[PDB]
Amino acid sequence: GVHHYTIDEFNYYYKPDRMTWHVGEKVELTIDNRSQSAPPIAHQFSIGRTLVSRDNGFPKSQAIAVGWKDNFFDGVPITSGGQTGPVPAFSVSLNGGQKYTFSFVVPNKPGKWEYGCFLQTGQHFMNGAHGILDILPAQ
């Protein structure tokens, strides 16, 4: 059976901020931008590994996040409404009040991955917009 997961986006955090999948699990994931501000803001959902931050040669208290080195969804065939196939550099960007639902089979990419939002030059990320995705071997 397909396992339904929802990730809600708020300013500036995911609910839930942890998720666990098994390799080979059939997942339907809904990403919902529930931005609570007036006006609501856009949010991004990207799963990857190895944070990349801005550099200018000067030390920082908090590094400004810019992206992931490795995208979890690389090569992963996705179905969303009438469309099926892998998506190059997959990520989900939503305006306030918009959601996106897609399904896939969890690839053989075991271990810890992270999800994050890199919008507004890393400000969402610095404010809490990051989660942890654990991928367990097939049960």
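Start at 1 with the first residue shown and count on from there.
Novice: According to the deposited model, is the average Cα temperature factor higher in 52-60 or in 37-45?
Specialist: It is 52-60.
Novice: In terms of the chain's CA B-factor thirds, is residue 127 lowest, middle or highest?
Specialist: For residue 127, the deposited C-alpha B-factor lands in the highest third.
Novice: Lowest, middle or highest third: where is residue 16 by C-alpha B factor in its chain?
Specialist: CA B-factor rank for residue 16: middle third.
Novice: Quick check on the deposited entry: does the C-alpha B-factor of residue 97 sit in the lowest, middle or highest third of its chain?
Specialist: CA B-factor rank for residue 97: middle third.
Novice: Thinking about Cα B factors across the chain, which third does residue 133 belong to?
Specialist: Middle third, going by the recorded CA B-factors of the chain.
Novice: Classify residue 108 as lowest, middle or highest third according to the C-alpha B-factor given in the PDB entry, relative to its own chain.
Specialist: For residue 108, the deposited C-alpha B-factor lands in the highest third.
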